[PDB]
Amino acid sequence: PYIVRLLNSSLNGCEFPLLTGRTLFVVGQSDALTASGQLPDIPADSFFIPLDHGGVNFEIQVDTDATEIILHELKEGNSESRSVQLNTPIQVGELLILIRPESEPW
């Protein structure tokens, strides 16, 4: 399985496990956080990341096979889907992340 690590933001170093399928990252200010509590405590498929400026929500999708990883950047009324590589910094809005095999520490 794969892990998303933050390489910047006040949560730099935080590591989030990804489930097979879709994981949502909500990225933004106060208004989003306190409301994100709306989602149940089910095995976490959405996470909130605080960022004061330039935050863009995104999903990561890990195919059932774990052979392709797709990042869906969620813009106004549309999304931009990109193929992404492991163990490399990936910029999403003003956030910088890395996706690593669980067994390969960064």
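For every residue, the number given is its place in the sequence shown, counted from 1.
Mean C-alpha B-factor comparison - 76-84 and 44-52, higher one: So the stretch with the higher mean C-alpha B-factor is 76-84.
90-98 versus 14-22 - greater average Cα B-factor per the deposited record: Mean B over CA atoms: larger for 14-22.
Record-listed C-alpha B factor of residue 36: chain third: It falls in the top third of the chain.
Third of the chain, ranked by Cα B-factor, where residue 71 sits: Residue 71: CA B-factor falls in the lowest third of its chain.
Relative C-alpha B-factor of residue 61, binned into the chain's lowest, middle or highest third: Ranked within chain, residue 61 CA B lands in the middle tercile.
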